[PDB]
**Q** 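Take this structure, written in structure tokens, and hold onto it; I'll ask about it next.
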Amino acid sequence: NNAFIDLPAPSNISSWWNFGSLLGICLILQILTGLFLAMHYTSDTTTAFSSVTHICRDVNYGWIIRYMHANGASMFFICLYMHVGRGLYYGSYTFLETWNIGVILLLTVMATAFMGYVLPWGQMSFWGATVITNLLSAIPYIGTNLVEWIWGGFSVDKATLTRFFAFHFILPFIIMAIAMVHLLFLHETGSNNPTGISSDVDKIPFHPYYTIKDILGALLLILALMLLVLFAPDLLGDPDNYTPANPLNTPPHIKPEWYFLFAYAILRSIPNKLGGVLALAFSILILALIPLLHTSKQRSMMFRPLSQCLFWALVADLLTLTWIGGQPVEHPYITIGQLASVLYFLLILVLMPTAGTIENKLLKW
Amino acid sequence: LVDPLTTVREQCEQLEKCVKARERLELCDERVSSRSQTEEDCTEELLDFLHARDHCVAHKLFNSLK
Amino acid sequence: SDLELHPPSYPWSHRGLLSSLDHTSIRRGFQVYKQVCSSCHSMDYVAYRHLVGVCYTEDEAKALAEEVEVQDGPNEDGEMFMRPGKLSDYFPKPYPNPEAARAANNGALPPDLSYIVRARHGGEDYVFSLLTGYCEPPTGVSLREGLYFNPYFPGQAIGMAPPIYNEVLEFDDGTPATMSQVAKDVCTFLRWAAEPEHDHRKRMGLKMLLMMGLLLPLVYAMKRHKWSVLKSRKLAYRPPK
Amino acid sequence: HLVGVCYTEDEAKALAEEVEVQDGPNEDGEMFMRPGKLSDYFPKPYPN
Amino acid sequence: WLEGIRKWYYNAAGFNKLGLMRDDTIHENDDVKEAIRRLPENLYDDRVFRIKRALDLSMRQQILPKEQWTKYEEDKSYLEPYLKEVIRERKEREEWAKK
Amino acid sequence: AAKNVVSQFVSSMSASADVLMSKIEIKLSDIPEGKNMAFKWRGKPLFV
Amino acid sequence: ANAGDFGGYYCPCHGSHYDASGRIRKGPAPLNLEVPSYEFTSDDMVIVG
Amino acid sequence: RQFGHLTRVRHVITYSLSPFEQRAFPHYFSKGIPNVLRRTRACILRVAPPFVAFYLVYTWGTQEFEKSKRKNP
Amino acid sequence: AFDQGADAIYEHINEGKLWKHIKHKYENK
Ligand SMILES: CCCCCCCC/C=C/CCCCCCCC(=O)OC[C@H](COP(=O)(O)OCCN)OC(=O)CCCCCCC/C=C/CCCCCCCC
Ligand code: HEC
Ligand code: HEM
Ligand code: HEM
Ligand SMILES: C/C=C(C)/C=C/C=C/[C@H](OC)[C@@H](C)[C@@H](OC)[C@@H](C)CCc1oc2c(O)c(OC)cc(OC)c2c(=O)c1C
Ligand SMILES: CCCCCCO[C@@H]1O[C@H](CO)[C@@H](O)[C@H](O)[C@H]1O
Ligand SMILES: CCCCCCO[C@@H]1O[C@H](CO)[C@@H](O)[C@H](O)[C@H]1O
Ligand SMILES: CCCCCCO[C@@H]1O[C@H](CO)[C@@H](O)[C@H](O)[C@H]1O
């Protein structure tokens, strides 16, 4: 009660507000499947890949737990991006504390998924570990030292894998605690709603209205997840990780996990090391700047046509970046990627705030 | 013993798309072989031909296999 | 070259959403692996016991294991020794290590095939096209010694000479061993080897669809039931004039 | 491990070299013998 | 005609389809919350009802019959005088704080 | 006390004793003209 | 090796092209590939380190 | 935030029916489809253009990439 | 009933392909 059952909720929140509970479900499903995997996984580089195949081949139902964990990570990101998109479109980021904790949640889930991906020790695992940890080398003076410290050596090796298993194991739990704070902060104000207008004059109890909508949403999430696990378990994965890590050879068409492609396209768009790492970091941290770039007198984009167009341009641009990240660094992809990367920051830093101001003038305030 | 693959390939090579591809390939062969020095080869023409032919073969072959 | 030729889509009998693998085909495919592929390719994650109930009976798989000799021990004197294989043994590796493998294959390394189908874009369509796709190099192409032209292989120059051809082996069921038939069965077997859970996941998929086909409309009806109270509510504003 | 405890690095190197340890595989995929080195562990008197 | 585009924008924005007035859609910061508190009872009760009606329509994913849409020519700022004063008062306090 | 304890823990994550640089000898005759040969050396590819 | 626009090397991760000298020619890499200490000895042997 | 302390509301009357007295899918299709059509039209000019642009860049780019790899583009 | 019915559908869709369907050819205990 007054924490759940009698929690006052806007009477008009749509399906876009289901993603918060879906993220919670994703987290729990990842933790449960992950724990069962951890019961059979060994992190020694000589047995990591083998232990994963053993889970998939000889552990009763090991394959289903393994593919649920893998596709669960994808479902997690789909829900994350929807969740963030909802927040941007509806002006939810004005709940500053909740939004900033959200930004930290995003970075932590990204770090977590990255490390988990290294555990099977396939080719993508090894090179992913190499490239991502090396992002720290762009830091002046101490970068290289930080990398080798993280690695526990001069290269990704045994020490790296063992500590990544320990980090992967504990981070989800830290994520859960942080998510609880994310919620505590949200309960102080209650939810925003599609109109962006206070809904204090029309609240309804969380139960039964949203408890039942949440269950329905959860069923559709389970449906999406199981359709992937039971009918296309490898659809969202990379065939290259079915090949054990080979430190003397980087696959020629290597590419990141699909949910990282846009950021990868951005980093890859800049022919400068520090420049790319800074843009990659900024592509995510710009989220923390959105609240400061809000110029509109109205909270939600529902009543702002110009902002909506730009918002959808941004979504289409992230789709463009996601597509480019999946292509070779060759013409005309190099240029499309650089333009898309420029557009991304242009939309967020200039065009959207400008549109906000223009709409204000059109409404005479 | 006759592999149906041989049969199916012959029938498939009859299609216009394959005959056209085969002709561009034979043209390339002539052009390339007539030289002593050239960095050109006919891989492109061959792949175009194989693509047209194997697409057809894939639609029929398994009807002959157990 | 940098050009790519993607494999077409074959109508595998296990291609459909609810379509299982053809187990007689898996059985023949194993024979192909056993007589042909195994002399150069390992299959590290498959053991004889895995064949039981899939394509061979327990007794047949036991006899297959016994056809080979595997090192065991140490014995009481601290010696390694040879013994007939058994169900728990994994398929024998053709080479002690990848270096020996490369040395015995002009520098090229025959990859392990336990997952080849899942480790290659195209899956069995790719392996099938590769296996039945060798041809003479196009005019202008010259491959270094040891390499063969295969249009489906990246770069078109592969270090594996065509491994199958008409009558490369005799099947236990009389099936005409043409090259394409042999390719089709070994591909089916490779799919199973890379994904033994294949048939089970589709059977569960069927049950999952049936359950969701029931539960989704039911929960949706419950949602509409509860919400009807808000969906039809009417508001009136009556301020004192 | 002996370096800086009871032997200098050069002395410990010489000690390691007093033994032949198996290494490889080489280019032909065969195991081979080589002089021991600092990173090698003390040789086992028996295989098992 | 800036006004041509304004009326077009007003209708494209569409809060009028929910029977809302422009001021009903303002993002409520502290200045705005104080201005609302200062509203005379009738204006306050009217704002409350237009918002309740809009939230109810939004919930049903419906809009009002076109004859009831707020009209561009009739939408006037009932909040402006209160909000302007609240903002002037706060600016005054800040000046004194700076001293 | 805090400075020592913290640095000891931070130090535990740095390369352990077993990870710390043997030279490597390579036979040039085994590498044909035009070929790039890779070797694992000090935990990284060494190209000759 | 033997990939990229300079016949040297091509890094597939983000598109750095190096020439046959290991020098960075295009892409985001900031430095030429590292040249270690080495000495040519008797026969056809090189000692790196 | 709890009911009883949310905000001040005066002179509003709400009328509701028990769920057991009403249909859960009133005019589901007869009024539902039309509303879905209205809502679709109301946003397509805002949502579709960017994705058509993506679709255009994608086909142009993919085709431009393919043409650039052959002998006679 | 659900499990048996579903399995029947599955086995029918895959008639003659499953081990249970060809098993008799190799057994005989
Ligand atoms: C959760 C907080 C994490 C922050 C770190 C916690 C540190 C706690 C502070 C310690 C207070 C207790 C005093 C201990 C005196 C130990 C004397 C000491 O430091 O000797 C140094 C010596 C190294 O000497 P050398 O290798 O020869 O050369 C040094 C030159 N490079 O290091 C030691 O002896 C290690 C001492 C281990 C301390 C035990 C850890 C205690 C941690 C507790 C965390 C929880 C909080 C408890 C509250 C603190 C109450 C005082
Ligand atoms: C030794 C004489 C071989 C026999 C017998 C078979 N294969 Fe092979 N195979 C061999 C080599 C040396 C290579 C490496 C090729 C290279 O240049 O890298 C291969 C490769 C394959 C591949 C992988 C191709 C790829 O995309 O990397 C596959 C899938 C493959 N071989 C299949 C295969 C099967 C099923 C065989 C029996 C019918 C078979 N090979 C036999 C060497 C030899
Ligand atoms: C582990 C990941 C996360 C979890 C479990 C989580 C969970 C939730 C939940 C349960 C809610 C309330 C339900 C809802 O409105 O959807 C919520 C609201 C919210 N979350 Fe998150 N969240 C996560 C990540 C994020 C991220 C990455 C952001 C943004 C960068 C964010 C921003 C918000 C905001 C602003 C709200 C309020 C939205 C509104 O009221 O309109 N969340 N979240
Ligand atoms: C936020 C929650 C989590 C995310 C997003 C996540 C994601 C992932 C990802 C992407 C992989 C790689 C899967 C693959 O392709 O094989 C992975 C692997 C793994 N994860 Fe997690 N994980 C989460 C939680 C956990 C937890 C809590 C545990 C353990 C207590 C765990 C244990 C494992 C193990 C043992 C592996 C290696 C086996 C495998 O690859 O499937 N994970 N995780
Ligand atoms: C000890 C823990 C550590 C060091 C964790 C650090 C985590 C850092 C970030 O998360 C906060 C990071 C995951 C996040 O950056 C914002 C991602 C979007 C980065 C995406 C990313 O992925 C790649 C990848 O996956 C690959 O795999 C095969 C290969 C890759 O190139 C070859 C990349 C790559 O070029 C980039 C930019
Ligand atoms: C739900 C939409 C899925 C789009 C189908 C293609 O999906 C893509 O397939 C590639 C290989 O086939 C993968 O490497 C890639 O990660 C994956 O996103
Ligand atoms: C996104 C494109 C914005 C163009 C400005 C809209 O302009 C408006 O268009 C209406 C319908 O065409 C006209 O009836 C109206 O008079 C005109 O001002
Ligand atoms: C949530 C923020 C509440 C702001 C309350 C402002 O309150 C106002 O402050 C003025 C000072 O300039 C006073 O003159 C005025 O009488 C008072 O009502």
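Lettering of chains follows the sequences in order, A, B, ..., and the numbering in each one begins at 1. Side chains included, hydrogens not; waters and symmetry mates left out as well; all remaining heavy atoms used.
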**Q** Using non-hydrogen atoms only, which part of C:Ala47 is less than 4.5 Å away from chain A: side chain, backbone, both, or neither?
**A**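 Neither part; nothing is under 4.5 Å.
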**Q** What part of C:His50 gets closer than 4.5 Å to chain A, counting heavy atoms only: side chain, backbone, both or neither?
**A** side chain
**Q** What residue, out of C:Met204, C:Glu197, C:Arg203, has the most heavy-atom pairs lying under 4.5 Å from chain A?
**A**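 Between C:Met204, C:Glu197, C:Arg203, the count favours C:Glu197.
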**Q** So which heavy atom on C:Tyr33 is nearest to which on C:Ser42, and how close?
**A**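 Result for this residue pair: OH-C, 3.6 Å.
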**Q** Given the options A:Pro233, A:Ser50, A:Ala232, A:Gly237, which has more heavy-atom pairs under 4.5 Å with chain C than any of the others?
**A**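 Heavy-atom pair counts peak at A:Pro233.
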**Q** Measure from NZ or CZ of A:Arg57 to the centre of the six-membered ring of C:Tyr115, then state whether that distance is under 6.0 Å and the direction lies within 45° of the axis.
**A** yes
**Q** Looking only at heavy atoms, what is the nearest atom pair of A:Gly325 and A:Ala265, with distance?
**A**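 Closest pair (atom of A:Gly325, atom of A:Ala265, distance): N-CB, 3.8 Å.
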**Q** Can you tell which part of A:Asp58 gets under 4.5 Å to a heavy atom of chain C, answering side chain, backbone, both or neither?
**A**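 Only the side chain of A:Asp58 comes within 4.5 Å of chain C.
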**Q** Does A:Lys213 make a cation-pi contact with A:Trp17, if we ask for NZ or CZ under 6.0 Å from the ring centre and within 45° of the axis?
**A** no
**Q** Give, as side chain, backbone, both or neither, the part of A:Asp202 having an atom under 4.5 angstrom from any heavy atom of chain C.
**A** side chain
**Q** Please state whether the side chain, the backbone, both or neither of A:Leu227 comes within less than 4.5 Å of a heavy atom of chain C.
**A** both
**Q** Measure across A:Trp258 and A:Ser74 and return the closest heavy-atom pair with its distance rounded to 0.1 Å.
**A** NE1-OG, 2.7 Å
**Q** What part of C:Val229 gets within 4.5 angstrom of chain A, counting heavy atoms only: side chain, backbone, both, or neither?
**A** side chain
**Q** Supply the atom-to-atom distance C:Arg201 CZ to C:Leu206 CG, rounded to the nearest 0.5 angstrom.
**A** 13.5 Å
**Q** Select one option (side chain, backbone, both, neither) describing which atoms of A:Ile222 are under 4.5 Å from chain C's heavy atoms.
**A**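 Both backbone and side chain.
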**Q** Of the non-hydrogen atoms in A:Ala129 and A:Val118, which two are nearest, and what is the gap between them?
**A**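 Where A:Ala129 meets A:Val118 most closely, the heavy atoms are CB-CG2, 3.7 Å.
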